[PDB]
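Novice: Just need the structure, nothing else, for what follows:
(one chain, ligands or ions: 1)
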Amino acid sequence: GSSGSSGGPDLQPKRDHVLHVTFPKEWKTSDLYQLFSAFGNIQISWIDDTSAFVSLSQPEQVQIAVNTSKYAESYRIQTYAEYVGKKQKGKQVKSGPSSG
Ligand SMILES: CN1CN([C@@H]2O[C@H](COP(=O)(O)OP(=O)(O)OP(=O)(O)OC[C@H]3O[C@@H](n4cnc5c(=O)[nH]c(N)nc54)[C@H](O)[C@@H]3O)[C@@H](O)[C@H]2O)c2nc(N)[nH]c(=O)c21
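Specialist: Residues are numbered from 1 along each chain as shown. See the structure here:
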């Protein structure tokens with residue numbers, strides 16, 4: 001990093017070790033630390049009442065969390081790149097996402 005290098009002059013993604021997580025509005029930072037305790041130390045960055053980003057120390061841990069979330073029924077997990085690739089959310093259709 002700021003020590004003297006960024007990996008190269010290329011413009012590839014920088015979030016391959018980061019997840020996006022979706023949950024009921026009653027979930028807390030403590031439930032998130034409990035969910036991701038399987039991967040050691042982490043970092044958490046909110047974006048709504050019902051979703052946040054979560055950083056992990058390896059992309060292998062990201063792949064394991066994305067595989068294991070298929071069995072969850074009180075939360076769900078995807079990569080940062082999946083969240084970006086689904087940004088066209090289309091949440092409601094009564095008039096449009098501009099109105100709900
Ligand atoms: C602790 N939180 C926070 N949030 C959601 O994340 C948003 C950003 O929070 P934060 O990073 O702490 O930044 P701020 O210092 O800017 O926070 P702010 O002064 O707005 O005060 C906190 C807000 O978050 C709400 N909040 C706290 N605890 C809960 C909770 O259990 N559920 C919900 N749904 N909201 C909570 C407060 O009422 C206040 O408005 C933040 O704006 C919010 O969207 C959050 N979301 C969940 N589900 N759980 C949490 O533990 C938190």
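Novice: didn't residue 32 look like it was pressed against residue 46?
Specialist: No. Contact criterion CB atoms under 8 Å: residue 32 and residue 46 do not qualify, at 9.7 Å. For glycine as for every other residue, the C-beta is placed from the backbone atoms N, C-alpha and C.
Novice: So for the two, which residues contact both of them?
Specialist: residue 52 (CB atoms under 8 Å, 6 or more residues apart in numbering).
Novice: Compare these two (neighbour count), which wins?
Specialist: Using other CB atoms under 10 Å, the more surrounded residue of residue 32 and residue 46 is residue 32, with 18 against 10.
Novice: Can you say which helix or strand has that one in it?
Specialist: Using DSSP states H and E, residue 32 maps to helix 29-35.
Novice: How about residue 20?
Specialist: Going by DSSP H and E, residue 20 is part of strand 18-22.
Novice: That strand: partners in the sheet, and parallel or antiparallel?
Specialist: Sheet partners assigned to strand 18-22 using DSSP bridges are listed as strand 51-55 (antiparallel), strand 76-79 (antiparallel).
Novice: Let me have these in JSON lines, extended by mean neighbour count and distance to residue 87.
Specialist: Shown next, in JSON lines, are the strands paired with strand 18-22 (neighbours: other CB atoms under 10 Å; distance: least, CB to CB, whole Å):
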{"stretch": "strand 51-55", "mean neighbour count": "17", "distance to residue 87": "13"}
{"stretch": "strand 76-79", "mean neighbour count": "18", "distance to residue 87": "12"}
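Novice: Helices of this protein, residue ranges please.
Specialist: Ranges of helices in the chain, per DSSP state H, are 29-35, 59-68, 80-85.
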